[PDB]
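So the chains spell out like this:
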Amino acid sequence: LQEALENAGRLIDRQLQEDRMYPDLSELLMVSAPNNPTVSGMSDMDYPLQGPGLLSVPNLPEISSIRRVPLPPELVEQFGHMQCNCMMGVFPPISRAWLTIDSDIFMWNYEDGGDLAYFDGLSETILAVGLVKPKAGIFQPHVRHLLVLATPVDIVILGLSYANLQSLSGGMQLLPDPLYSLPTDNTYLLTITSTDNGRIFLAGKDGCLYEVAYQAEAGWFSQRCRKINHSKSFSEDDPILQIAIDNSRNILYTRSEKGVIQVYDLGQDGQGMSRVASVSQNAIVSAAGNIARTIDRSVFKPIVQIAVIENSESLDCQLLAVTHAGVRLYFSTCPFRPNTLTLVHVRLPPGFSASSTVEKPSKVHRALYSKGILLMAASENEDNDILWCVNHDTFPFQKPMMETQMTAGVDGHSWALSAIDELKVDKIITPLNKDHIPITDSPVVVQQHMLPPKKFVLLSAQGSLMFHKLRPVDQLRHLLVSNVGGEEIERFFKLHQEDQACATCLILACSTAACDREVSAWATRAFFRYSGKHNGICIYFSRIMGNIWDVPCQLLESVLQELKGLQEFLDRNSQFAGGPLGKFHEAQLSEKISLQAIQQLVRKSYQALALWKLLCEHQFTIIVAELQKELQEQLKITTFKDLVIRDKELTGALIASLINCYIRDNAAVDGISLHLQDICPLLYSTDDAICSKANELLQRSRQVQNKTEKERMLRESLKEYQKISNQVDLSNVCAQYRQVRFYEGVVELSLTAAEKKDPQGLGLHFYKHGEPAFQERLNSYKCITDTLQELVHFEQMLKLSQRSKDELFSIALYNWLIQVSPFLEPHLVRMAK
């Protein structure tokens, strides 16, 4: 009820909410600080660079180069005959790769070198090509995607179907919706991004951002694509660079050639967006001159990239903006009474010069540090871009101005960049997050396994070089690997504090022993060689089990499936990392107890999944909503902390009521294995007692009828298939069988009660002794007494008691009546004389 297990549980709950106290970054950065320090300088950041083309591999990079795919030879062939349109890019929501070519669409997928799916129909140039989510009311539901294309006539939508091919990718099938068109004016349109609903908003070489509604109305007197701008900002020079949307608050952020942002909330219409004002970067720089950071140094950089910061990411901050000086500018969009915003925070890159692949002697300058645009601009060279990646530094929470460092210097021209893990958050309003509230949305460490690692496909001038935005466990385990020999063991603690350390150790060791035995060995050595090791156990199994305790059963399903996955992966790939499947003293003993806890947690997952799977298979009361009777939405109950160790007797009752229905037939032994591999705890209820039986008779009566057919079936179920029924005290059982007119149910149950309970007939001298029994069977006798009294099924029950196997079926009501037969015969006559 209340032992060290549940107590360390609430303890790790407290640590969870403590880890949660980042708040959100609006607090980690205390952006309420109106001043310049919310800006993250260079005193706070190292820039480790190792240069392109040498065997050195960075062991603390937030990203890691993985694979490179060329461009379609056919694509190159046309692109040579392409004459005006050049925008390479990747579409994360399909993982497809594209290059905006002169006019048409012959579009490929990079992972396999997918065919550049050909369409030679267009006669007017695509300034750009976009990927949009299929908006309801337009398409056949199997339409997974659509294609939006520019023409000197207009913009157009091209439906698509992305089902997986012979995940690698979902293969695309052409869909034709050619009526999408309207020629009006000479605006250029290239800024093609879209939200969850699938809004098409287009600006281009000129700043005119029209929200195209793509509509199932194939044009009749005006073609099917119409351009609708929120241009309530007349902006003579607006080579608008890009656009950016805040789905978590229905807000849009644009970067003009000057980065200029106009306010945009999704207007009251529900399909358009309402703009009222315009903010240029001049606002930000005036605020910067006022913000007490060196501003004449800040001046002047033109804004060349932006990156939304949704409210899940930061309470009030809107977006990260990146200039030609690469300066990471973080702005807010909100209504004073997103109309009014305030400038506080700007992340500066580190100060380690990007000059040498070779380590130049590292540097620390905690005084206000700053370095040249040479190291501030990623694409320092006009031909060879230097890919720069970062997420936030969790463990540096007290060092919140720190960020995760890396260096991806390459040789091609980067043109498009986004996450493919942005896809797992594409349909939803949030970007990469780790919570449903702004707090704990950043900590990759907490969700680094329940969702696949952050990966990246970075389009290059000759293809795309694929990256994986590295996890705490990724860079960690590889620093584990890196130890061979800053100090890795020392630096881990510097980031992992022997609690996050040991958690990733145990979590990492158990997880990698299936695929990388020696990474498990590294982590195990790390943790083993109020404790922080026990705190690592707490953290690990809490990130495991709060998916029942505090997160939505969604992470529950994620973790259970990935448990089965690591299990079977270790199994079938048993050829690489073997062993799990069947002074140094104190170190190994911490190690021993910890790995035993690991394997116990594994078998508990497997044991839990089967029982959990069995419980799921039974689905008792889950559908209750479908069956009504004042019960609804059982799925939420599963979400609530009740599945693992907090509901036990009601759980037993639920799985008895599931068993009574027995939707599965020829599935008893499956149940038996669970019973003999899950009822192993002896001093407990191997099967719940009373509402189990009452619940079983509900389903037993409803699922099947003994009287119409299969009556011995329900009796023998009651015995074996519904063994959870028999053992009952004075309870619901009475009414629960009262509905039955016959007495084959209650009588059968009391007979089984006599089998499992009454060893040999001392019930005789219950009274036949005299002056020392009735109790705990008076319930059944009592139930029989009222049913028959109100009855006089019953007429066919006269052959039972008369031919009862046990005399208990021959004594109770006869005594009952006669106070108001050589079994009661002595009681009477000897009681007489």
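Within each chain the first residue of the written sequence is number 1 and the count goes on from 1 in that order, possibly differing from the entry; residues lacking coordinates are omitted. To obtain the side-chain values, all non-hydrogen atoms of the structure were used and water was disregarded.

Regarding how it was determined, this PDB entry cites cryo-EM in its header, along with a resolution of 5.4 Å.

Student: Where do I start with the overall build of the protein chain in this structure?
Tutor: A tally of helices and strands in the protein chain yields 28 helices and 27 strands. By principal-axis analysis of the C-alpha atoms, the protein chain measures approximately 120 × 80 × 55 Å. Counting every position in the protein chain, which comprises 833 residues, the buried fraction comes to 45%. Note that accessible areas follow from Shrake-Rupley with a 1.4 Å probe, and for residues the cover is restricted to the protein chains shown. Only carbon and sulfur atoms are counted for the fraction: they give 59% of the accessible area of the protein chain, which is about 46,100 Å². Starting at the N terminus, helices and strands are each numbered in turn, a helix being any DSSP run of H or I of at least four residues and a strand any DSSP run of E of at least two. Only protein chains enter the calculation, and the probe is 1.4 Å; a residue is then buried if its accessible area is under 20% of its type maximum, exposed if over 50%, and partly exposed in between.

Student: Looking at this structure, I do not really get the sheet that holds strand β3 (residues 96–100). What am I missing?
Tutor: Hydrogen bonds between backbone atoms are what pair the strands of a sheet, whose relative direction is either parallel or antiparallel. Here the rule is simple: two strands pair whenever DSSP picks up at least two bridges between them. In spatial order, the strands read β2-β3-β4-β5; together these four strands make up an open sheet with antiparallel pairing. Whereas interior strands pair on both sides, the edge strands pair on one side only; in this sheet they are β2 (87–91) and β5 (117–119). Averaged over all pairs of adjacent strands, the angle between strand axes in this sheet comes to 20°, irrespective of strand direction. In the sheet, strand β4 (residues 105–109) pairs with β5 via three bridges, with the strands oriented antiparallel. Bridge pairing in β5 links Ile105 to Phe119. Interaxial angle, 0 to 180 degrees, is taken between N-to-C directions of lines fitted to C-alpha atoms, where a helix line uses only the stretch in contact.

Student: How should the pairing of β3 be read in this particular structure?
Tutor: Looking along a regular strand, one sees side chains alternate from face to face of the sheet. The buried count for β3 comes to five of five residues, which makes it a mostly enclosed element. For β2 and β3, the ladder comprises five bridges, and the chain directions are antiparallel. If you follow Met88 over to β3, its bridge partner there is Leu99. Summarising the sheet, β3 and β4 pair through two bridges and their orientation is antiparallel. Bridge pairing links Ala97 to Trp108 in β4.

Student: Would you take a moment to explain the side chain of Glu62 for this structure?
Tutor: Relative to the helices and strands, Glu62 is located in the loop between α2 (25–28) and β1 (63–70). On the basis of relative accessible area, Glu62 is assigned to the buried category, the value being 3%. By the criterion applied in these results, polar contacts are pairs of N or O atoms within 3.5 Å in which, for protein atoms, one can donate a hydrogen and the other can accept it, and in which residues neighboring in sequence qualify only through two side-chain atoms. At 2.9 Å, the side chain of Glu62 forms a polar contact with the side chain of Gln475.

Student: Which parts of the structure should I look at to understand the nonpolar core?
Tutor: In a soluble, globular protein the nonpolar side chains are often hidden away together inside. Nonpolar cores are built from buried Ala, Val, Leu, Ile, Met, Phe, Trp, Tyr and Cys residues. Side-chain atoms within 4.5 Å join them into one set. The biggest cluster of nonpolar side chains holds 52 residues, and the ones touching the most others in it are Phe91, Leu147 and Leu149. When residues of this core are assigned to their parent elements, the largest contribution, six residues, is made by strand β8 (residues 155–164). By definition in these notes, contact holds between two residues if any of their heavy atoms fall within 4.5 Å. In contact with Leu147, not counting residues within four places along its chain, are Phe91, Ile105, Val129, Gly130, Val156, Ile157, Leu158, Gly159 and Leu160. Grouped together as the second largest cluster of nonpolar side chains are 36 residues, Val39, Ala203, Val327 and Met376 included.

Student: Would you explain the side chain of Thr524 in this entry?
Tutor: Residue position: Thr524 is located in helix α12 (residues 517–528). By relative accessible area, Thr524 is classed as buried at 15%. When neighbours within four sequence positions are excluded, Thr524 is seen to be in contact with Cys505, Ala509, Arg529 and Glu591.

Student: In this structure, what is going on with the pattern of salt bridges? I would like to understand it.
Tutor: When the charged atoms of two side chains lie near each other, side chains of opposite charge can form a pair. Definition used for salt bridges: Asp or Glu carboxyl oxygen within 4 Å of a side-chain nitrogen of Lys or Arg. Across all of its chains, the model carries 20 salt bridges by this definition. A salt bridge links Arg471 to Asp474, with the nearest nitrogen and oxygen atoms 2.3 Å apart. Side by side, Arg471 and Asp474 carry an identical accessibility label, which is buried. With a closest N to O distance of 2.6 Å, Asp474 and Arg477 form a salt bridge. Remark: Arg477 and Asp474 occur in helix α9 (residues 472–482); sequence separation between them is three residues, near one turn of the helix. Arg477 matches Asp474 in its accessibility class, with the two residues each being buried.

Student: Any chance you could explain the sheet that holds β1 here in plain terms?
Tutor: Within the open sheet, the three strands sit side by side as β1-β27-β26. Their pairing is antiparallel. Only two strands of the sheet have a single neighbouring strand rather than two, namely β1 and β26 (456–460). Here the strands of the sheet are splayed against their neighbours by 25° on average, with no regard to which way each runs. The sheet contact formed by β1 and strand β27 (residues 463–469) spans seven bridges and is antiparallel. Among the inter-strand pairings, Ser65 is bridged to a residue of β27, identified as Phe467.

Student: How should the packing of α12 against helix α15 (residues 584–618) be read in this particular structure?
Tutor: In a pair of packed helices, the angle between the axes and the distance between the axes together describe the arrangement. At a closest axis distance of 9 Å, the pairing of α12 and α15 adopts a crossing angle of 120°. Regarding the angle of α12 to α15, the classification is oblique. Considering how the two elements wind past one another, α12 and α15 form a crossing that is right-handed. Contacts between α12 and α15 involve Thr524, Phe527 and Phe528 from the first element and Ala587, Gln588, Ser590, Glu591 and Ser594 from the second. Considered class by class, the residues forming the contact of α12 with α15 number three nonpolar, four polar and one charged. Angle categories: roughly parallel below 35 degrees, roughly antiparallel above 145, roughly perpendicular from 65 to 115, and oblique for all the rest. Each crossing gets its hand from how the near helix is turned against the far one by less than a right angle, where anticlockwise is left-handed and clockwise is right-handed. Residue polarity is assigned by list, with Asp, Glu, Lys and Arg as charged and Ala, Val, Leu, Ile, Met, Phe, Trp, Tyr, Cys and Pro as nonpolar; anything else, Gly included, falls into the polar class.

Student: Before we go on, may I ask you to explain unusual backbone geometry in this structure?
Tutor: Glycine aside, residues mostly have negative phi angles, and peptide bonds mostly take the trans form. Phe300 follows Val299 through a cis peptide bond whose omega is -20°. Relative to the elements of secondary structure, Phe300 occurs in the loop between α5 (295–298) and β20 (303–308). Even without being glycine, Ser95 reaches a positive phi, approximately 60°. Inspection of the secondary structure assignment puts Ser95 in the loop between β2 and β3. Since its relative accessible area comes to 7%, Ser95 is described here as buried. Unlike most non-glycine residues, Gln619 shows phi in positive territory, near 50°. Structurally, the position occupied by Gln619 is in the loop between α15 and α16 (624–627).

Student: Which parts of the structure should I look at to understand helix α20 (residues 690–703)?
Tutor: Each residue after the first adds 1.5 Å to the expected span of a helix. An ideal rise of 1.5 Å per residue puts 20 Å on 14 residues; α20 measures up with 19 Å between its terminal C-alpha atoms. All buried positions along α20 are accounted for by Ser692, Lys693, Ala694, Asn695, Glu696, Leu697, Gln699 and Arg700. Those residues of α20 that are buried are in contact with α18 (649–661), α21 (711–721), α22 (733–738) and α23 (744–757).

Student: Mind showing me how you'd approach the pairing of strand β7 (residues 145–150) here?
Tutor: Of all the six residues making up β7, six are buried; the element is thus mostly covered by neighbouring parts of the structure. Across the two faces of β7 the burial is the same, with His145, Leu147 and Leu149 and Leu146, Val148 and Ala150 all buried. The pairing of strand β6 (residues 129–132) with β7 spans four bridges and is classified as antiparallel. When the sheet's bridge partners are listed, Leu131 is paired in β7 with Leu147.

Student: Sorry if this is basic, but what is going on with a nonpolar patch on the surface here?
Tutor: A grouping of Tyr814, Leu817, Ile818 and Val820 is seen on the molecular surface, where their side chains present a nonpolar patch of about 400 Å² in accessible area. Looking at where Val820 falls in the secondary structure, it is placed in the loop between α27 (812–819) and α28 (825–832). Residue class for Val820 comes out exposed when judged on its relative accessible area of 74%. Each patch is built from residues that are more than 30% exposed by relative accessible area and take part in no salt bridge. Like charges join if they lie within 9 Å; nonpolar side chains (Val, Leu, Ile, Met, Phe, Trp, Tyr) join within 5 Å.

Student: Help me understand the packing of aromatic side chains in this model?
Tutor: To describe a pair of aromatic rings, one takes the distance between the centres and the angle between the planes. Ring geometry is summarised as follows: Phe, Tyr and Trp rings, the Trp one being its six-membered ring, pair when their centres sit within 6.5 Å, and such pairs are stacked at plane angles under 30 degrees, edge-to-face over 60 and tilted between the two. Applying the stated criterion across every chain, the model contains six aromatic pairs. Ring centres of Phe527 and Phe528 lie 6.4 Å apart, and the angle between their planes is 75°; this geometry places the pair in the edge-to-face category. This pair shows no difference in class: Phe527 is buried, exactly as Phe528 is. The interplanar angle of 65° and the centroid separation of 5.2 Å between the aromatic rings of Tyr662 and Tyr721 together place this pair among those described as edge-to-face. With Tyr662 in the loop between α18 and α19 (668–678) and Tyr721 in helix α21, the pair connects residues that are 59 residues apart, well separated along the chain. A relative accessible area of 14% places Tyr662 in the buried class. Assessed through its relative accessible area of 35%, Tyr721 is described here as partly exposed.

Student: Is there a simple way to think about the packing of α9 against α12 in this case?
Tutor: Packing of α9 against α12 brings their axes to within 9 Å, and their N-to-C directions diverge by 85°. As summarised for this structure, α9 and α12 are arranged roughly perpendicular, according to the angle between their axes. Here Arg477, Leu480 and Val481 of α9 lie close against α12, whose contacting residues are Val519, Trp522, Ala523 and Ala526. Split by residue class, the contact of α9 with α12 holds six nonpolar, no polar and one charged.

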